[PDB]
Amino acid sequence: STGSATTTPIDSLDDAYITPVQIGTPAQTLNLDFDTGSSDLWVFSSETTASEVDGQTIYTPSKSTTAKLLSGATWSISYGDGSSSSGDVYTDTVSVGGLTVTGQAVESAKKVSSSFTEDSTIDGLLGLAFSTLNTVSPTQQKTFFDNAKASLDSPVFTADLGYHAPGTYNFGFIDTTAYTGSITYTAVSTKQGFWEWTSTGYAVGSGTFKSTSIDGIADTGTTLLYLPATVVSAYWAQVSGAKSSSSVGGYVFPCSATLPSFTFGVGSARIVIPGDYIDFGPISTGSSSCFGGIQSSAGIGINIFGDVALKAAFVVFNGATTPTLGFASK
Ligand SMILES: CC(C)CN(C[C@H](O)[C@H](CC1CCCCC1)NC(=O)[C@H](Cc1c[nH]c[nH+]1)NC(=O)[C@H](Cc1ccccc1)NC(=O)OC(C)(C)C)C(=O)N[C@@H](CCCC[NH3+])C(=O)N[C@@H](Cc1ccccc1)C(=O)O
């Protein structure tokens, strides 16, 4: 079996991408944020405290003939950004882009933090990290990808994120029409439960490639590209008028600028992020100042190849027994 689904940015900034998913019988369509940095599938539901739901479409398990209560099971999760949610757990049929899994754990939110309440476009998350991070207890539940692997034509799923445009998530096949050249695979460490890999180095604009190991994780659920302080410092040094701003919380610069491109190694291959991808947006509508798409990882504790990096590539999440990450230009 295979699935193919369109993923669309939630706004003009590509802050995040939502992908419709069908849950229950008959099917209830919710727009979820596919998150390779976590492993919970959770949704806004009939069970979420009313004052906390805010324009989102909710999942009503009592209207699904195929839902069953996982009795005893609860969950609770917090994200890097400080947001959180908790509740209990159903199994139900879940479909993405025509790929159907039965007995998928669907985590139903009883409460949600203010961030998700204010996010009208996101009805919940679909986690695509390794199942070891799942927060359901007392027994952890498999991700949608893990449950799917038995029936997939190939145990993989590709992320094809658009620059200010829709993209695709594919399950179980690689669309050779989607990228240029060849896919370069690199080893993944599952020690911390992430899609964790090591970049072979970097270049800024048209200058020299520096071989230096950058350990980071591929996270579709993080907007920006967070690299070590001295790499980020090297990038913004090539932009006049760029400066670090305490008040905004990162490197800012004139919207006027043409930004240099940024290159990062994957084994012997090179992926080039066009400069315009790194120009995130004005810090406020009508400002001369724009927020940089590359920022320091120092405060986060881990390098993150987030959406600004990933949408410059075709990315293959190879979830064979011994996982690997594939990158191609597109
Ligand atoms: C550690 C990273 C790589 C993985 N991760 C991050 C998620 O992918 C998570 C997915 C989001 C959550 C919010 C809603 C949309 C989906 N991403 C994030 O939390 C990042 C973090 C970040 C970095 N810098 C500034 N913010 N959020 C973002 O990148 C948001 C996305 C967004 C889009 C639209 C609207 C709102 C928010 N974008 C954003 O802020 O953009 C601007 C900076 C321009 C404002 C996790 O949350 N993982 C959990 C797994 C939980 C498993 C529990 N068993 C975790 O480790 N949580 C840790 C937190 C942590 C880890 C490591 C170090 C420190 C803290 C914990 O236990 O608390």
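Residues numbered from 1 in each chain as written, not as in the entry; some residues may be left out. Heavy atoms only, no water.

Per the PDB record, the structure was determined using X-ray crystallography to 1.8 Å resolution.

As recorded by the PDB entry, the chain carries the name ENDOTHIAPEPSIN and is attributed to Cryphonectria parasitica. Looking at the PDB record, one finds the entry titled "High-resolution X-ray diffraction study of the complex between endothiapepsin and an oligopeptide inhibitor. the analysis of the inhibitor binding and description of the rigid body shift in the enzyme". Turning to the chain, the UniProt annotation filed under Sequence similarities states: "Belongs to the peptidase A1 family." (UniProt positions renumbered as here; feature names shortened; annotations may be inferred.)

Peer 1: Can you help me understand the pattern of salt bridges in this one?
Peer 2: One side chain can pair with another of opposite charge once the charged atoms of both are near each other. Scanning the entire structure with this criterion turns up four salt bridges. For the salt bridge of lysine 311 with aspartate 14, the shortest nitrogen-to-oxygen distance reads 2.9 Å. In this pair, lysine 311 sits in the loop between α5 (307–310) and β23 (313–318) while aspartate 14 sits in the loop between β1 (3–9) and β2 (17–23), placing the two residues 297 residues apart along the sequence. Assessed through its relative accessible area of 2%, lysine 311 is described here as buried. Judged by its relative accessible area of 0%, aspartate 14 is buried. The closest approach of N and O atoms between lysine 330 and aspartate 160, which form a salt bridge, is 3.0 Å. Of the two residues, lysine 330 sits in the segment after β24 (324–329) while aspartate 160 sits in strand β9 (residues 156–160), which places them 170 residues apart along the sequence. With relative accessibility at 39%, the residue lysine 330 sits in the partly exposed group. A relative accessible area of 17% places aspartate 160 in the buried class. (Salt bridge = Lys/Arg side-chain N within 4 Å of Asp/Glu carboxyl O. Helix = DSSP H or I, 4+ residues; strand = E, 2+ residues; numbered from the N terminus. Buried < 20%, exposed > 50% of the residue type's maximum accessible area, 1.4 Å probe, protein only.)

Peer 1: Sorry, what's going on with empty space enclosed by the protein here?
Peer 2: One water molecule sets the probe size; rolling that probe over the atoms shows where empty space is left. Under the counting rule described, the total for this entry stands at one cavity of 30 Å³ or more. In this structure, the largest cavity encloses a volume near 40 Å³. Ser39, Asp40, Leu41, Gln104, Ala105, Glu107, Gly127, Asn134, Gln141, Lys142, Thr143 and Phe144 together form the lining of the largest cavity. Ranked by residue count, the leading element in the lining of the largest cavity is strand β7 (residues 99–112), at three residues. Residues of the lining of the largest cavity, tallied by class, amount to three nonpolar, six polar and three charged. (1 Å grid on protein atoms, 1.4 Å probe; cavity = no way out; pocket = protein on both sides within 12 Å on 5 of 7 lines; lining within 4 Å. Points joined across faces, edges and corners; volume = space filled by probe spheres on them. Nonpolar A, V, L, I, M, F, W, Y, C, P; charged D, E, K, R; others polar.)

Peer 1: Would you mind going over the layout of surface pockets with me for this structure?
Peer 2: Volume-wise, the largest pocket comes out at about 1,100 Å³. Around the largest pocket, the lining is made up of 34 residues, and of these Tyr79, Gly80, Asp81, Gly221 and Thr222 lie nearest the centre. Of all elements in the fold, only β3 (28–35), β5 (68–78) and α1 (114–118) reach the threshold of two or more residues within the lining of the largest pocket. Taken together, the residues of the lining of the largest pocket break down into 17 nonpolar, ten polar and seven charged. Composition of the lining of the largest pocket by domain shows at least three residues from each of domain 1 (5–174) and domain 2 (175–330). (Domains from an automatic or database assignment.)

Peer 1: What exactly am I supposed to notice about the pairing of β9 here?
Peer 2: Here is the key point about a regular strand: its side chains alternate between the two faces of the sheet. For β9, a buried count of five out of five residues is recorded, marking the element as mostly surrounded by other parts of the structure. Residue alternation in β9 divides its side chains into two sets, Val156, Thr158 and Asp160 and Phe157 and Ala159, and both sets are buried. Looking at chain direction, β9 and β23 are connected through four bridges and run antiparallel. What sits directly across from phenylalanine 157, in β23, is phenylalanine 317. Pairing of β9 with strand β10 (residues 167–171), which is carried by four bridges, proceeds in the antiparallel orientation. (Pairing = 2+ DSSP bridges.)

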